[PDB]
Each structure stands twice: as structure tokens, then as C-alpha cells.
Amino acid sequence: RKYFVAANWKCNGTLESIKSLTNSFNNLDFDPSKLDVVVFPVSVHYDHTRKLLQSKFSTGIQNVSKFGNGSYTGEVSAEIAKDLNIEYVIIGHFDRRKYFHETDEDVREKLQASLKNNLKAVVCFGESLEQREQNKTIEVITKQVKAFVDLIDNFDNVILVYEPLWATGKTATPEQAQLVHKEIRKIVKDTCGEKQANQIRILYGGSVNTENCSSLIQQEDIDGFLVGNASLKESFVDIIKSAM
């Protein structure tokens, strides 16, 4: 499995900060055939970000519409992303499930729209603190994954992300994350096949920084990360280095 390190900038950035951040990123000499490195800027920052990053960096957007073109003011269709050659989309991120009523059905639909339009999708899921404390981790994750997993038609083109929502004051250990990842891979196996499960990249989408990154990626079933705030720093290159 090819390692996959992603920068989810979330709702952050200015033209000036992106200029200097991309410049520092460009200083990192890495081979894009040996690892995927994907930067997800804000929609309106996409062109700026794409032009400033060297070709070795892949790029994507943080959300995509479940609808095609039409009367959906404020939405970006998968067809539009295709026309702009936007390579990757994030689907089902915690933020969108939490604040924007995004459901498992929405996730399924968004993945389908993406795949129909040759987009690659980074799909997020994970259980809450209440769900973990009630010992429902596997129940919840199985439900969330089975909501979309049968639609994957290429196991390099869809990447899974485990978000430990429960970790609130709590922190997930690499050992705990590894076990969840192992369990996700088995769900993929039971539903899609063994070769398919061995092929699919499963990322850790909890808190990742320069300190913990190596302990996480060195776990057998953790194939990379979807990084939050640490990816807004020049030191993000040291996180990429853990995958090199």
C-alpha cells in the first residue's frame, strides 16, 4: 500500500499565508510515485493553491455536492470538479456531519457522484464519545462504512479515514487506532473482497502532529493521515517525512 498524507486546511487561510506555506512545502523533495501528498484548501483558494504548489503535490476540495448541475445555489457538483481537474474530494468529514446535517445517505450519494465523474474520494467516518462509552464502536463503524463501501469500483481511488470523534479531553493511542483500522479493513474484506481490503488505504484522521505522526503511520493498518491544524504549519513537511 502506497502511503497517503493529506492536508485538510479546513476553513483557514489567506492569499498571503498560502503563498508562504506552499513555498515552504515546495522545498520538500519527495517522489510522488512513492507516496501521495494531497492538499485540500478552501474552495475559493483552490486555484491559488494549485498554481503555487509544484506538480508533485496532489490537490482536492473539502466537500462536493450529492446533486449534479442545476438549481443548488452554493453547491459544487462533481461534474464541475471534473472540468477543473480537481483530483480529490473529502466526503463525510466530522465537521459536516456535526454542523450541516450530513447523513450516511448523503455520504453514499456524494461518493457515487464523485466516482461517476472520475474523482478520487477521501471518505470520513467514526464514532462519538457516547457511542464508544456504550461499547458500540464496531456497530457504528460497520454501519457507517457499509453505507458506501459497496460502491467503490477502484481501491486506489477511494481512501478511508477513521476520525476518533470520541477523542472531548480524550486522546487515542496508536495501539487503539491500529485495532480500529484492522477492524475497518475486515469490514472492507467481508463486503468487497480480500485483495480489495489489502489494497485500500485507511488513514487516521484524529489529531496528528510532528511528534505522534511516526508512531501512528508505523502501525500495520494505518496508511497515512488526514491532518488538521498541523498541516497549516511549515513543519507539516516533517509529517510528510514520516511517510517517506
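One rule holds for the numbers: they count along the sequence shown, beginning at 1.
Going from residue 84 to residue 85, the model skips none of the deposited residues; the chain is continuous there. As listed in the deposited structure, the average C-alpha B-factor of 169 to 177 and of 143 to 151 is greater for 169 to 177. In this entry, 184 to 192 shows the higher mean Cα temperature factor of the pair 184 to 192 and 201 to 209. Between the residues 215, 62, 26, 49, the entry's highest C-alpha temperature factor is the one at 26. Ranked against the other modelled residues of its chain, the C-alpha B-factor of residue 157 as given in the entry falls in the middle third. Among the modelled residues of the chain, residue 102 sits in the highest third by CA temperature factor in this PDB entry. Among the modelled residues of its chain, residue 126 has a C-alpha B-factor that falls in the middle third according to the deposited record. Among all modelled residues in this chain, the alpha-carbon of residue 136 has a temperature factor (C-alpha) in the highest third. In the deposited entry, the Cα temperature factor of residue 117 sits in the top third of values across the chain's modelled residues.
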